[PDB]
């Protein structure tokens, strides 16, 4: 198995994300290397190969992959934090909306309200396009031991391809699972923020808070805990905060509840120690 493979588009090669991450990652000490160095280090590694084999890797595949890597770096450490701690919450990585709907994490009685809304809107000629945040912080009251035994072998130290697959499929254990209070928050990450990315997060944050409010209405849940939506990147600056901490759109139309932010808090995550700090603060 090689790290890159020709996409048949001429000199075009596609990156084998997982293999490349594991092959490169085995060679470094994640605990002493900041995430940004691993990513660029990973970009170079792949370039050498493309040059040996005489090929070309477009920055689109690189950009697609940078996200994968950044998320796996965070996702693995989150599990180690879980293994090493006594918390009731586990940070689970979510697949794309193309193939999965984060709403299905909720019990079916709750998700059906959302399906009911999508159907009624379609009849009025309106769509309901939702996206899945990168991670969901799920309340695992009761199944702590089960998951600890299940996820015992996960770590950067014993990094393997199977580790990546687990991080990527752990969500399957939480389908038709959560009551309204079980999903505590969502966390979406970006290597770096640019105008387009700040926009995505603000919009998604707003949308999650709107849907949550829709569910609180259907179930008539008075004074519920509410959900939080967090954002993180390898580097954050004041200019990023302006656009991310804008009002959740539904709050502009209702004076009855305290105004909510689309994004509740933004975190800088460029290392394993940053993951722990963020997690200790979010849980």
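Numbering follows the first chain given and starts at 1.
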item: Between 254-262 and 213-221 (mean CA B-factor, as deposited), the higher; value: 254-262
item: Average Cα temperature factor in the PDB entry - higher stretch of 181-189, 77-85; value: 77-85
item: Highest recorded Cα temperature factor - choice among 232, 248, 244, 57; value: 57
item: Among modelled residues of the same chain, the CA temperature factor third for residue 95; value: middle
item: CA B-factor ranking of residue 143, expressed as a third of its chain; value: highest
item: Where the record places residue 172 (Cα B-factor, split into thirds across the chain); value: middle
item: Third of chain Cα B-factors occupied by residue 45; value: highest
item: Residue 62, C-alpha B-factor rank within chain (lowest, middle or highest third); value: highest
